[PDB]
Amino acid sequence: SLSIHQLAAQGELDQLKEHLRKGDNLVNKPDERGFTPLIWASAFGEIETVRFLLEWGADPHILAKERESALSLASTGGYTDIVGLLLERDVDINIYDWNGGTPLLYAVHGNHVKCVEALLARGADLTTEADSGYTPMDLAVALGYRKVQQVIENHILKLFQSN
């Protein structure tokens, strides 16, 4: 009697598959906050559920009511492999939510070094100030996250060279 969102959240994949039997638009049904089964699975790091949902027709681009995305929820949790699966479907990497974040800013804020590296490698923007007045490097510096700062630096040096 758990909802599809809870089944996704808890990695109850056999039950989720049975529930999605019909292969209809259930896979993208938003809950009361606009969260899809994919956004719940991403938030809780349930990679095999994410993989199945994408294969079954889940739309990774859907934003919840306050502009939360599967990508941002994966980034705040440090789920680098989920981030990668989502980036493969060409989701917007610079999604600005109403909480004042972006995927990169959540990866920085969580000191998720490999997540930061993944997002940068796919071309996440560094040049833009968040609503709070912080660029991603500004935030890494303020938080004292030196490993994140280094990954940002490595990337920035590559950007002013075209050859």
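Numbering starts at 1 and follows the sequence shown.
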| property | result |
| --- | --- |
| Average Cα temperature factor in the PDB entry - higher stretch of 24-32, 115-123 | 24-32 |
| Between the two ranges 84-92 and 70-78, the one averaging a larger CA B factor in the entry | 84-92 |
| Out of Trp40, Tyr134, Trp98, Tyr106, highest CA B-factor residue | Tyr134 |
| Deposited CA B-factor, highest of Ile47, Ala64, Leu54, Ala130 | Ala130 |
| Lowest, middle or highest third - CA B-factor, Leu139 | middle |
| Third assignment of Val148 from its chain's C-alpha B-factors | lowest |
